[PDB]
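What follows is a single structure, written as C-alpha cells, with notes after it.
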Amino acid sequence: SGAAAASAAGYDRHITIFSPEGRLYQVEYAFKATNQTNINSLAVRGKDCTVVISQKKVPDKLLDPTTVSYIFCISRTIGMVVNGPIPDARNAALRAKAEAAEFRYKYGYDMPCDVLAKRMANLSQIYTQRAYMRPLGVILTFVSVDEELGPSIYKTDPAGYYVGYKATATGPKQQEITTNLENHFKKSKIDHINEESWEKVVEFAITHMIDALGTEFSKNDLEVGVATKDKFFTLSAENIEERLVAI
Amino acid sequence: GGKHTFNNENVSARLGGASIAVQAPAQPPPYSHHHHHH
C-alpha cells in the first residue's frame with residue numbers, strides 16, 4: 001500500500017509531482033544511491049582540530065590507489081567528503097571550488113562552511129523545483145576550523161536540509177557507529193573532544209569505527225583528512241602502529 | 001420385467017464461467033513523449 005499506488009500511478013519518475021500523501025518520491029529515491037558503494041565515513045570535533053575518515057576499498061589489483069579518494073581539498077580551511085558515486089561527487093565539488101573563490105574576489109575573505117553548506121544546499125533545492133537536472137545522488141559532509149566559531153561540521157542532502165552536527169557518521173552503517181559515540185558524549189557532556197593534538201584525536205575516532213564497525217583495518221584500506229587553522233590536508237600510515245603497541 | 005437400477009450420479013464435473021471483474025488498471029501512460037522532456 002505504501003508505494004503500490006506510487007509505482008503504478010506515476011509519482012516516481014517526475015520530480016515535480018506530489019502524491020496525495022504529500023510525499024514526492026523521486027528525491028526520496030535518490031538516497032538509495034548514496035549507499036551504492038558500501039562506504040561509511042565519520043567526523044568529529046576537537047579543541048581546535050577536526051578529522052574525517054573513510055574506507056578505501058581493495059578492488060582488483062590493477063588500480064593506482066593514489067587517485068582513488070573521496071576526500072577533496074576544496075579551498076584552504078575547508079574540505080569535504082562524499083557518500084555516493086564519484087561522478088555525482090565531482091560536479092558538487094567543482095561547483096563549490098569555483099564558489100569559495102568568487103566570494104574571496106567579491107567580499108574580501110574566505111567563506112566558512114556555514115555558507116558553503118547553505119549555498120550548495122540552496123541549489124539542490126532548485127534542482128528539485130525545475131527539471132534542469134536530476135538531483136545529485138549524494139549526501140556530503142563539510143569541515144573547517146573557523147576564526148569566529150572554532151571547529152565546525154556540516155552536512156547536506158539532495159533536498160537541501162543542512163545542520164551542523166557535533167559528530168556524525170554516514171553510509172549503510174550509521175546506527176552501529178552513531179550509537180558508539182552518542183553514548184560516549186552522554187558520559188562527558190562535551191560537544192567537542194579533548195586531546196588537543198590533531199594526532200591524538202585521530203586514534204580516538206579510528207578505534208570507535210573499529211569496535212562498532214565489524215572488523216580490523218590496515219593502513220591501506222583507509223584515507224583520512226584533517227582541518228587546522230590555515231590548512232587542510234591528508235595523512236600518513238603510522239598512526240595505528242603507534243596504537244596497538246600501547247595496547 | 002426389469003430388476004436393474006440406474007443410480008444417476010454426478011460423476012461428471014461442470015462449471016459456470018462468468019468471471020466478470022471491474023478494475024483493469026493495466027497501463028496509463030501520461031508521458032507519451034514526456035511533454036517537452038524537461
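Labeling convention for the C-alpha cells: chains A, B, ... as they appear, residues from 1 per chain, ligands from 1 in order of appearance.
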
Which residues of chain A are close to chain B, meaning at most 8 Å apart when you count only C-alpha atoms, and how do they look as a ChimeraX atom specification? /A:9,131-132

Leaving out segment 61-72 of chain A and any residue of its chain fewer than 5 positions from it, which residues lie within 8 Å of it when counting only C-alpha atoms, given as a ChimeraX atom specification? /A:54,56,79-82,86,93,223-225

Could you check how far atom CA of residue 238 of chain A sits from atom CA of residue 46 of chain A, in Å to one decimal?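 Between these atoms lies a distance of 20.8 Å.
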
Env of residue 213 of chain A: 9 Å cut, atoms = only C-alpha atoms, seq-sep filter 6 positions within chain, self excluded. Answer as a ChimeraX atom specification. /A:173,176-177

Show me, as a PDB file with C-alpha atoms, in the first residue's frame, the residues that have an atom within 9 Å of segment 181-190 of chain A when counting only C-alpha atoms, minus same-chain residues fewer than 3 positions from it.
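This is the output file selection.pdb:
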ATOM      1  CA  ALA A 167      29.905  14.481  15.433  1.00  0.00           C
ATOM      2  CA  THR A 168      28.428  12.084  12.945  1.00  0.00           C
ATOM      3  CA  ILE A 177      28.648   3.885  14.662  1.00  0.00           C
ATOM      4  CA  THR A 178      26.349   6.662  15.808  1.00  0.00           C
ATOM      5  CA  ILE A 193      36.504  16.222  22.278  1.00  0.00           C
ATOM      6  CA  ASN A 194      39.687  16.553  24.293  1.00  0.00           C
ATOM      7  CA  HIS A 208      35.394   3.702  17.517  1.00  0.00           C
TER       8      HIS A 208
END

Atom CA of residue 45 of chain A and atom CA of residue 144 of chain A, how far apart in Å?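 Rounded to one decimal, the two atoms are 9.8 Å apart.
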
Identify which of the residues A:36, A:77, A:16, A:197 lies closest to residue 127 of chain A, counting only C-alpha atoms when measuring atom-to-atom distances.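 Of all the options, A:16 lies closest to residue 127 of chain A.
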
Could you give me, as a ChimeraX atom specification, each residue of segment 94-199 of chain A that DSSP assigns to alpha helix (DSSP H) when run on this structure's backbone? /A:94-97,100-106,113-119,121-124,174-188,198-199

Quick one: write out the picked residues with C-alpha atoms as an mmCIF file, in the first residue's frame?
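This is the output file again.cif:
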data_model
loop_
_atom_site.group_PDB
_atom_site.id
_atom_site.type_symbol
_atom_site.label_atom_id
_atom_site.label_comp_id
_atom_site.auth_asym_id
_atom_site.auth_seq_id
_atom_site.Cartn_x
_atom_site.Cartn_y
_atom_site.Cartn_z
ATOM 1 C CA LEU A 94 33.712 21.716 -8.557
ATOM 2 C CA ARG A 95 30.602 23.881 -8.411
ATOM 3 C CA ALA A 96 31.946 24.754 -4.939
ATOM 4 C CA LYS A 97 35.655 25.221 -5.582
ATOM 5 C CA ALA A 100 34.534 29.917 -2.436
ATOM 6 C CA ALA A 101 36.755 31.755 -4.886
ATOM 7 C CA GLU A 102 34.486 34.455 -6.268
ATOM 8 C CA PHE A 103 33.400 35.229 -2.735
ATOM 9 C CA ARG A 104 37.023 35.984 -1.925
ATOM 10 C CA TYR A 105 37.055 38.087 -5.100
ATOM 11 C CA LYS A 106 33.793 39.822 -4.228
ATOM 12 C CA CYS A 113 31.453 26.006 5.951
ATOM 13 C CA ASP A 114 28.247 27.663 7.170
ATOM 14 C CA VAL A 115 27.561 29.473 3.949
ATOM 15 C CA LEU A 116 29.167 26.789 1.844
ATOM 16 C CA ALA A 117 26.563 24.341 3.114
ATOM 17 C CA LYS A 118 23.792 26.910 2.792
ATOM 18 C CA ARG A 119 24.775 27.889 -0.721
ATOM 19 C CA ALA A 121 22.157 23.347 -0.480
ATOM 20 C CA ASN A 122 20.313 26.407 -1.732
ATOM 21 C CA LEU A 123 20.928 24.854 -5.177
ATOM 22 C CA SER A 124 19.914 21.259 -4.730
ATOM 23 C CA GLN A 174 25.151 4.732 10.798
ATOM 24 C CA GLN A 175 23.254 3.064 13.614
ATOM 25 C CA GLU A 176 26.217 0.976 14.681
ATOM 26 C CA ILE A 177 28.648 3.885 14.662
ATOM 27 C CA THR A 178 26.349 6.662 15.808
ATOM 28 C CA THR A 179 25.483 4.755 18.951
ATOM 29 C CA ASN A 180 29.172 4.105 19.566
ATOM 30 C CA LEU A 181 29.645 7.809 20.016
ATOM 31 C CA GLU A 182 26.209 9.010 21.107
ATOM 32 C CA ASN A 183 26.680 7.005 24.275
ATOM 33 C CA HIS A 184 30.200 8.418 24.516
ATOM 34 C CA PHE A 185 29.012 12.013 24.655
ATOM 35 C CA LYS A 186 26.403 11.498 27.361
ATOM 36 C CA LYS A 187 29.247 10.275 29.533
ATOM 37 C CA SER A 188 31.197 13.511 29.472
ATOM 38 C CA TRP A 198 45.107 16.574 15.880
ATOM 39 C CA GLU A 199 47.229 13.467 16.175
#

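Residues with any atom within 10 Å of residue 34 of chain A, counting only C-alpha atoms and excluding same-chain neighbours fewer than 4 positions away, are residues 30, 38, 39, 82, 83, 84, 85, 136, 137, 138, 139, 140, 157, 170, 171 and 172 of chain A.
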
Pull the strand (DSSP E or B) assignments for segment 39-200 of chain A out of DSSP run on the backbone, and list those residues as a ChimeraX atom specification. /A:42-44,50-55,71-72,78-81,140-146,150-156,167-169

Keeping N, CA and C atoms, export the residues of the selection given above as a CSV table (one decimal), in the first residue's frame.
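Result file is again_4.csv:
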chain,number,residue,atom,x,y,z
A,42,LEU,N,33.0,9.3,8.7
A,42,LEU,CA,33.0,9.7,10.1
A,42,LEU,C,33.5,11.1,10.2
A,43,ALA,N,33.1,11.8,11.3
A,43,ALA,CA,33.7,13.2,11.5
A,43,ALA,C,33.4,13.5,13.0
A,44,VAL,N,34.4,14.3,13.6
A,44,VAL,CA,34.3,14.7,15.0
A,44,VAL,C,35.1,16.0,15.1
A,50,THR,N,40.0,19.2,13.7
A,50,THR,CA,38.9,18.4,13.1
A,50,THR,C,39.4,17.3,12.3
A,51,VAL,N,38.6,16.2,12.1
A,51,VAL,CA,39.1,15.0,11.4
A,51,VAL,C,37.9,14.3,10.7
A,52,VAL,N,38.2,13.7,9.6
A,52,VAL,CA,37.2,12.9,8.9
A,52,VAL,C,37.9,11.7,8.3
A,53,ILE,N,37.3,10.5,8.3
A,53,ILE,CA,37.9,9.2,8.0
A,53,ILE,C,37.0,8.5,7.0
A,54,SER,N,37.6,7.7,6.1
A,54,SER,CA,36.9,6.9,5.1
A,54,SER,C,37.6,5.7,4.8
A,55,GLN,N,36.9,4.6,4.5
A,55,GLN,CA,37.5,3.4,3.9
A,55,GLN,C,38.0,3.7,2.5
A,71,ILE,N,38.0,12.3,-0.7
A,71,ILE,CA,38.4,13.5,0.1
A,71,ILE,C,38.9,14.5,-0.8
A,72,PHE,N,38.2,15.6,-0.9
A,72,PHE,CA,38.5,16.7,-1.9
A,72,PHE,C,38.9,18.0,-1.1
A,78,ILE,N,38.9,24.5,4.4
A,78,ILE,CA,37.7,23.8,4.1
A,78,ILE,C,38.1,22.4,3.5
A,79,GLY,N,37.1,21.5,3.6
A,79,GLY,CA,37.3,20.2,3.0
A,79,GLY,C,35.9,19.5,3.0
A,80,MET,N,35.9,18.4,2.3
A,80,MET,CA,34.6,17.7,2.2
A,80,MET,C,34.9,16.2,1.8
A,81,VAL,N,33.9,15.4,2.2
A,81,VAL,CA,33.9,14.0,2.0
A,81,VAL,C,32.5,13.6,1.5
A,140,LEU,N,26.7,14.8,1.4
A,140,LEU,CA,28.1,15.2,1.6
A,140,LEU,C,28.3,16.0,2.9
A,141,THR,N,29.5,15.8,3.4
A,141,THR,CA,30.0,16.4,4.6
A,141,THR,C,31.0,17.5,4.4
A,142,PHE,N,31.0,18.5,5.2
A,142,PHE,CA,32.0,19.6,5.1
A,142,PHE,C,32.7,19.7,6.5
A,143,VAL,N,33.9,20.3,6.5
A,143,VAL,CA,34.7,20.5,7.7
A,143,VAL,C,35.4,21.9,7.5
A,144,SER,N,35.8,22.4,8.7
A,144,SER,CA,36.5,23.7,8.7
A,144,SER,C,37.0,23.9,10.1
A,145,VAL,N,37.9,24.9,10.3
A,145,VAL,CA,38.3,25.4,11.6
A,145,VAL,C,38.2,26.9,11.4
A,146,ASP,N,37.1,27.4,11.8
A,146,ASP,CA,36.8,28.8,11.6
A,146,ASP,C,37.4,29.7,12.7
A,150,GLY,N,35.3,28.4,15.7
A,150,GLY,CA,36.1,27.2,16.1
A,150,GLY,C,35.8,26.1,15.1
A,151,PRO,N,36.0,24.9,15.5
A,151,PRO,CA,35.7,23.7,14.6
A,151,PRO,C,34.2,23.8,14.3
A,152,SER,N,33.9,23.1,13.2
A,152,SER,CA,32.5,23.1,12.7
A,152,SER,C,32.4,22.0,11.6
A,153,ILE,N,31.4,21.2,11.8
A,153,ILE,CA,31.0,20.2,10.8
A,153,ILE,C,29.6,20.6,10.2
A,154,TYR,N,29.4,20.3,9.0
A,154,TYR,CA,28.1,20.5,8.3
A,154,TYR,C,27.9,19.4,7.3
A,155,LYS,N,26.7,19.4,6.8
A,155,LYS,CA,26.1,18.2,6.2
A,155,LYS,C,25.0,18.7,5.3
A,156,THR,N,24.8,18.0,4.2
A,156,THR,CA,23.9,18.4,3.1
A,156,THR,C,23.4,17.2,2.4
A,167,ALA,N,29.2,15.7,15.8
A,167,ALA,CA,29.9,14.5,15.4
A,167,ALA,C,28.9,13.6,14.7
A,168,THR,N,29.4,12.9,13.7
A,168,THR,CA,28.4,12.1,12.9
A,168,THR,C,29.2,11.1,12.1
A,169,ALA,N,28.4,10.2,11.5
A,169,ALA,CA,28.8,9.3,10.5
A,169,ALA,C,27.7,9.2,9.5

For each of A:215, A:204, A:163, A:17, take the minimum atom-to-atom distance to residue 130 of chain A, counting only C-alpha atoms, then give the residue where this is smallest.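 Distance minimum relative to residue 130 of chain A lands on A:17.
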